[PDB]
Protein chains: 2
Amino acid sequence: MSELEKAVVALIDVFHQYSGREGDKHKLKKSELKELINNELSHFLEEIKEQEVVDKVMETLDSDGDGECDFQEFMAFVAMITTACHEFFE
Amino acid sequence: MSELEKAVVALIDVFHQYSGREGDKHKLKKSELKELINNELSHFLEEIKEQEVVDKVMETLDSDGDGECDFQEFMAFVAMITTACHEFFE
Ligand SMILES: CCOC(=O)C1=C2N=C(S[C@H](C(C)=O)C(=O)OCC)c3ccccc3N2NN1
Ligand SMILES: CCOC(=O)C1=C2N=C(S[C@H](C(C)=O)C(=O)OCC)c3ccccc3N2NN1
Ligand SMILES: [Ca+2]
Ligand SMILES: [Ca+2]
Ligand SMILES: [Ca+2]
Ligand SMILES: [Ca+2]
């Protein structure tokens, strides 16, 4: 398995670790998204310490407006992060 | 660096390895895309052995219709692959 293939597997793996905690087990609710960002994105994103930031991030990622982050919305979140890191250093 | 962070870095790293080979060094031309798929996606995608498959894949990924795969189009390609693997096993 190449580095890219590992990256594909990691994306699926992390999303499921967090989404299967509570409620709908194929979607990230706000508390699951927060912990995902806090535990797994600590070198890229500011630790989230406030409800209003949790709320705004979910507002941003939630394209279909159902209150949670599904797998496709997670993939779009990853693309945002990846494009930002890319553009920082390019 | 967590597994997700590694995956973010790998995405940027692989795209640049391949895109900087020839011509526009921030885009994948057909030959660079083919080698990327052949070398780095061999467990997920069929080896590409034919010009018409190279052509069709590029046709598919090339949303802005400029003939090449830019970083955003690459990110969409990764999402396709990730969603397909996700749905296979779910
Ligand atoms: C946000 C408060 O804490 C920090 O900024 C720290 C931080 N931040 C980053 S980058 C990350 C980004 C790009 O938003 C970030 O959280 O900073 C906010 C501007 C980082 C990267 C590698 C190694 C250690 C790091 N680190 N240690 N404390
Ligand atoms: C395409 C011709 O060669 C193959 O199919 C091989 C193949 N294929 C896969 S999966 C991959 C997918 C899902 O499209 C694929 O190329 O198969 C086409 C149906 C694979 C995964 C793990 C380990 C070894 C593997 N492997 N060894 N020969
Ligand atoms: Ca959930
Ligand atoms: Ca949603
Ligand atoms: Ca190129
Ligand atoms: Ca294009």
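Lettering follows sequence order; numbering is per chain, from 1. The basis for the numbers below is simple: all heavy atoms, side chains too, and nothing from hydrogens, waters or symmetry mates.
- Between B:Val9 and A:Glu3 the shortest side-chain heavy-atom distance does not fall below 4.5 Å.
- The aromatic rings of A:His26 and B:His86 sit perpendicular, their planes meeting at an angle over 60°, well past the 30° parallel limit.
- Below 30°, between 30° and 60°, or above 60°: for A:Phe15 and A:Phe71 the angle between ring planes is above 60°, a perpendicular geometry.
- A distance of 9.0 Å separates CG in B:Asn39 from CD in B:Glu47, rounded to the nearest 0.5 Å.
- Within the 4.5 Å cutoff, the side chain of A:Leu4 has no heavy atoms near those of the B:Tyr18 side chain.
- Rounding to the nearest 0.5 Å places CG of A:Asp64 at 10.5 Å from CD of A:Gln72.
- A heavy-atom distance below 4.5 Å is found between the side chains of B:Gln17 and B:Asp13.
- Between the side chain of A:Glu73 and the backbone N or O of A:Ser63, at least one donor-acceptor pair lies under 3.5 Å.
- Within 6.0 Å of CD in B:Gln51 there are more than 12 heavy atoms belonging to other residues, nucleotides or ligands.
- For the atom pair CG of B:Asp66 and CG of B:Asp24, the computed distance is 8.5 Å after rounding to the nearest 0.5 Å.
- Expressed to the nearest 0.5 Å, how far CD of B:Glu90 lies from CD1 of A:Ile12 amounts to 10.5 Å.
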Decide side chain to side chain contact (heavy atoms under 4.5 Å, CB included) for A:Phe74 and B:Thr82; before the verdict, give the C-alpha distance in whole Å, the side-chain angles of both, and the deciding distance to 0.1 Å. CA-CA 11 Å; A:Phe74 180 71; B:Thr82 310; over 6 Å; no
After noting the C-alpha distance and the side-chain angles of A:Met58 and A:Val54, does the key distance pass the side chain to side chain contact (heavy atoms under 4.5 Å, CB included) rule? CA-CA 6 Å; A:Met58 179 66 79; A:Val54 171; 5.7 Å; no
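- Interatomic distance, A:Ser42 OG to B:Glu5 CD, rounded to the nearest 0.5 Å: 5.0 Å.
- By the 4.5 Å heavy-atom criterion applied to side chains, B:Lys30 and B:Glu68 are not counted as neighbours.
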For residues 31-38 of chain B, dump all side-chain donor-acceptor pairs below 3.5 Å to protein atoms at least two apart in sequence or in another chain.
{"unit_1": "B:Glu32", "atom_1": "OE1", "unit_2": "B:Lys29", "atom_2": "N", "d": "2.9"}
{"unit_1": "B:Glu32", "atom_1": "OE2", "unit_2": "B:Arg21", "atom_2": "N", "d": "3.4"}
{"unit_1": "B:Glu32", "atom_1": "OE2", "unit_2": "B:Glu22", "atom_2": "N", "d": "2.6"}

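- Between B:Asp55 and B:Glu59 there is no side-chain heavy-atom pair separated by less than 4.5 Å.
- The distance from atom CG of A:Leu28 to atom CZ of A:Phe77, rounded to the nearest 0.5 Å, is 9.5 Å.
- Scanning both residues, A:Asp62 and A:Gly67, for their nearest heavy atoms gives OD2-N, 2.7 Å.
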